[PDB]
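Novice: this one's sequence-less:
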């Protein structure tokens, strides 16, 4: 494409990679922490039920 | 010509779509995990209360 | 050309900030709600035995 | 090296800084709230188990 069109594509591409990377990191963190909370709750409930 | 202005507007438009799409995905994920935890907590507490 | 770059950066910063604030508010509100639900349920359990 | 490439690099760099800052802030908030939830759940479960 033209010089200006190619440059626009470059800017959008580069920032999309940055945005996607940060997005994936936050997604993974939220999933990890929520998954751990469910794991803890599951184990604790089992312990409570076994104790009374 | 007006191509620089139009290209700037296009860059902002394209990246707005990306930014908003990732935002919506995170918003939905956080809401889903929160709802899941609330349900798990309420269900488990009901079980506990009925067991003793 | 410098003014165009500034305009692009400003406009996208405004949008990024808007979505950031919304996520911050969501996380805070949902976390606060979960803490309340956990404590309320625990209070019921303790008062039950 | 050119003004066109320097401009693109400028836009990408400046917005990357903004994106990174917001990302770190959200990361820290998620970590803080998840840590609090684990503490509250642990505290409460220990209280329940010590009470019966």
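Specialist: Great, that's in hand. Numbers count the residues shown, from 1 in each chain, chains lettered A, B, ... in the order given.
Novice: The residue most central in space within chain A is in what secondary structure piece?
Specialist: For chain A, the residue nearest the mean C-alpha position is residue A:27 (1.1 Å; Cα atoms, centre = their mean). Element membership for residue A:27, per DSSP states H and E: helix A:3-51.
Novice: Tell me which residues touch residue A:19, please.
Specialist: B:15, B:18-19, B:22, D:19 (Cβ atoms under 8 Å, 6 or more residues apart in numbering or on different chains). C-beta here means a position set from N, CA and C on the backbone, and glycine is covered the same way.
Novice: what do you get if the cut-off is 10 Å, keeping everything else the same?
Specialist: B:15, B:18-19, B:21-23, C:16, D:15-16, D:19, D:23 (Cβ atoms under 10 Å, 6 or more residues apart in numbering or on different chains).
Novice: Which among these count as buried?
Specialist: Neighbour counting with 16 or more other Cβ atoms under 10 Å in any protein chain shown marks B:15, B:19, B:22-23, C:16, D:15-16, D:19, D:23 as buried within the contacts of residue A:19.
Novice: Farthest pair within the residues you listed?
Specialist: Using Cβ to Cβ, the two most remote members of those are B:23 and D:16, lying 17.4 Å apart.
Novice: Report the separation between the residue of chain A found nearest chain C and chain B.
Specialist: The nearest approach of chain A to chain C comes at residue A:52, 7.6 Å away (Cβ to the nearest Cβ). Separation of residue A:52 from chain B (Cβ to the nearest Cβ, to the nearest Å) stands at 5 Å.
Novice: can I assume that residue is in contact with residue D:49?
Specialist: Yes: between residue A:52 and residue D:49 there is a contact under Cβ atoms under 10 Å: 9.1 Å.
Novice: Enumerate the residues of chain A near chain C.
Specialist: Neighbours of chain C within chain A, by Cβ under 10 Å from any Cβ of the partner chain: A:8, A:11, A:15, A:19, A:26, A:30, A:37, A:41, A:48, A:52.
Novice: In contact with the closest residue to the last one other than its chain neighbours, which residues?
Specialist: Using Cβ to Cβ, 6 or more residues apart in numbering or on different chains and skipping residues adjacent in sequence, the residue nearest residue A:52 is residue B:52, 5.1 Å away. Under the criterion of Cβ under 10 Å, 6+ apart, the contact list for residue B:52 reads A:48-49, A:51-52, C:45, C:48-49, D:52.
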